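Residue numbers (PDB author numbering), protein chains in the order written: chain A, 0 to 102; chain B, 4 to 96; chain A', 0 to 102; chain B', 4 to 96; chain A'', 0 to 102; chain B'', 4 to 96. A prime marks a further copy of an entry chain.
Just so it is clear, CB atoms sit at the ideal spot from N, CA and C, and this is done for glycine as well.
Down below is the structure, laid out as structure tokens.
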Amino acid sequence: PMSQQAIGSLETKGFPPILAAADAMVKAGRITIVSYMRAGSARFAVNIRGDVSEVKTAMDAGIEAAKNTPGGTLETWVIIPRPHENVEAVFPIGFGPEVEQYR
Amino acid sequence: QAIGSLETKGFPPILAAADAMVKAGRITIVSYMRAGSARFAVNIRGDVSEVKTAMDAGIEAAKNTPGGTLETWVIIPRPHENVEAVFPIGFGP
Amino acid sequence: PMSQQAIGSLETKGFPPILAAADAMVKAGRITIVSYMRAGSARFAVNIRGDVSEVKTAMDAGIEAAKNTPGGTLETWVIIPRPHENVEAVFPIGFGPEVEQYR
Amino acid sequence: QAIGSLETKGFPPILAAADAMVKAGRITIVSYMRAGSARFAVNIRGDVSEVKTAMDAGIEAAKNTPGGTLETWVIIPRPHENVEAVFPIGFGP
Amino acid sequence: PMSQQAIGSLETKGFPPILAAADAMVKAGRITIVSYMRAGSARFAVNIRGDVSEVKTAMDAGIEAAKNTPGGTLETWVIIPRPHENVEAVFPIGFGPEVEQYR
Amino acid sequence: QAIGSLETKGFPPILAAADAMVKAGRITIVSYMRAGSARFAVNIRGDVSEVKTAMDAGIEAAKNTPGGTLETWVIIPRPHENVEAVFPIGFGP
């Protein structure tokens, strides 16, 4: 009941910084971007999956890209190495059929 | 079964809380609520003693998350059945 | 054109305090919880129906439960003894088929 | 028919306003708007003299509600028909 | 690829001031109200179309009506004389079938 | 193709930005995002040199709009294809 793949989630204020973060993340490690969350208050979170070491290196790049985007604000981030299956069942952080082609 | 509900500012800390809760007691995460203003609540069910231990872990995980903040939480030991008929805190699919 | 049953509505900041309020309300009087409103800004309202004397005693318990929830904030409440039918027609405060079994 | 629209912060005060309005004049409540930021607007229609009396009662009910606040209101006597084609202030189902 | 008709868009805080603006606009010039946008934070925008000279006179009336509504706030407005077709394709500012009868 | 994204407070300034961008370079406006808190983002695609010229025009149009404010913007020259599989920045219908 715990997934093999880590989750990393990063949240910005602003849509352009989340795109910056997402692109930097997938260019920095063997990770898949699985989903995004429109959180309200102009905040957005991006969710990535991969082995924890790869998610950590991806997260470092996403953090920098968010902060370096003009007018962007990094709000919060987390890495969970081996998330319980019930988390994946309830939250939109699983692998959907549109990202299979990239994994 | 008891209900525990915990609410954070930010999506990453609600994930952290949820994962910590289900790894700390015999509970089921049944739903989450997008509250607006970048707040999210996670709802768990279990025997009250298990919900309590889970809640303690979830509070700590939310506060320990980079940039995460804990807003509010509750434990209701034996909720009236009318509550889960109206609020999305039941077990069913 | 005025209902036999009062409406009570109570609004909190935070989802956990609204659950606290709702549970305290239905445990304190002969009332039915009919609906909730996601108001934005992390505010939620719960709507109950019953005879006005029962809604008043329920409301007192809901107010206390909201205020006593960790991090919860009570925002606003009302009791309308005999609401006009047009209010029930437009606002989601009627009795739905999922709560018949509890009334 | 005239349109009256009244907006509160909070859901309980919009209920109070709506009920007071329909009990104060020959008007029909046609819709409500969830505006965001916990604001709600109620929309009524009737002859303008009736909408005026109703509006006065609704303003007082909103302000009199525990924790309720009145944000903004308007009365438009004879709205152009293009307005109700776009905004949800018409009578129809 | 640029429309013959200008767009004017006006945004208020509050729903009653947007109704005031919309009504004043269509009473002040040969314009069609095409749509409204629920922007969040209790802000609303109304979108009108017409020849630019007509949209300008309509906009002046909408600005005044918004400001003069009890508790209303004017937030922002624009007039674009000859919008590119790609703007109409992506943003909800075109003529829909419900407003044909008024144009 | 590159992605440019520009976000304003207010709906009128996003229209201004979008129109200025497509009139300043060989770009396609592919989508907009209602972000909440009355913020909106417009997303454009094109060769990066064209997206840059378009972005400059969009920044100026947003700031020049009465009451409009520019919040944030970005240009990504060569986005990874996983980004447009998840975010609504692709070309398709």
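Taking 8 Å as the threshold, the shortest C-beta distance from residue 7 (chain A') to chain B does not fall below it. When A:85, A:97, A:98 and A:79 are compared, the shortest CA-CA separation from residue 4 (chain A) is found for A:79. When the alpha-carbon of residue 12 (chain B) is set against those of B:93, B:96, B:64 and B:88, the nearest one is in B:64.
In chain B', no part has a C-beta under 8 Å from the C-beta of residue 28 (chain A''); the shortest such distance is about 12 Å. With contacts defined as CB atoms closer than 8 Å, residue 85 (chain A) and residue 92 (chain B) fail to qualify as a contacting pair. In the displayed model, residue 92 (chain B') falls within coil according to three-state DSSP, outside both helix and strand. Listed along the chain, the chain B' residues whose CB falls inside 8 Å of the CB of residue 15 (chain A'') are 8, 9, 10, 44, 75, 76 and 77. DSSP places residue 12 (chain A) outside any alpha helix (DSSP H); the residue lies instead in the beta strand (DSSP E), whose first and last residues are 5-12.
The bridge partners DSSP lists for residue 44 (chain A'') are A'':10 and A'':36.
For residue 79 (chain A), the uninterrupted beta strand (DSSP E) run begins and ends at 72-79, by DSSP. Distance from residue 71 (chain B') to residue 19 (chain B') at the Cβ level is roughly 7 Å; contact confirmed, criterion being Cβ atoms closer than 8 Å. Using a Cβ distance threshold of 8 Å, residue 30 (chain B') and residue 47 (chain B') count as a contacting pair. Closest in alpha carbon position to residue 75 (chain A), among A:1, A:0, A:17 and A:99, is A:17.
Remark: C-beta atoms of residue 56 (chain B) and residue 28 (chain B) approach each other more closely than 8 Å.
Judged by their CB atoms, residue 21 (chain A) and residue 54 (chain A) are not nearer to each other than the 8 Å cut-off.
The beta-bridge partner set that DSSP reports for residue 31 (chain A') consists of A':48. Residue 69 (chain A') reaches chain B at 75, 76 and 77, counting residues in chain order whose Cβ is nearer than 8 Å. Residue 39 (chain A'') has a beta carbon lying within less than 8 Å of a beta carbon in chain B'. Residue 88 (chain B'') has a beta carbon lying at 8 Å or more from every beta carbon in chain A''. Non-local beta-carbon contacts of residue 23 (chain A) in its own chain, meaning distances under 6 Å to residues more than five positions away in sequence, involve 60, 61 and 64 in chain order.
Of the candidates B':87, B':41, B':49 and B':50, B':41 places its Cα closest to the Cα of residue 73 (chain B').
A distance of 8 Å or more separates the beta carbons of residue 14 (chain A') and residue 87 (chain B). For the 8 Å CB-CB criterion, residue 102 (chain A'') and residue 1 (chain A'') do not form a contact. Within chain A, not a single residue places a beta-carbon under 9 Å from that of residue 59 (chain B); the smallest gap is close to 17 Å. Residue 8 (chain B'') sits buried, since 16 or more C-beta atoms from the chains shown fall within 10 Å of its C-beta.
Beyond the five residues adjoining it in sequence on each side, residue 26 (chain B'') comes within less than 8 Å, by CB distance, of 60 in the same chain, given in chain order. What residue 84 (chain B') touches in chain A'', judged by beta-carbon distance under 8 Å, is 101, going in chain order. Note on geometry: alpha-carbon atoms of residue 90 (chain A'') and residue 50 (chain B) lie some 51 Å from one another. Nearest CB-CB separation between residue 24 (chain A) and chain B: not below the 8 Å threshold.
With a 10 Å radius around the Cβ and a threshold of 16 neighbouring Cβ atoms, residue 34 (chain A'') comes out buried. Between residue 47 (chain B) and chain A', the shortest Cβ-Cβ separation is not below 8 Å.
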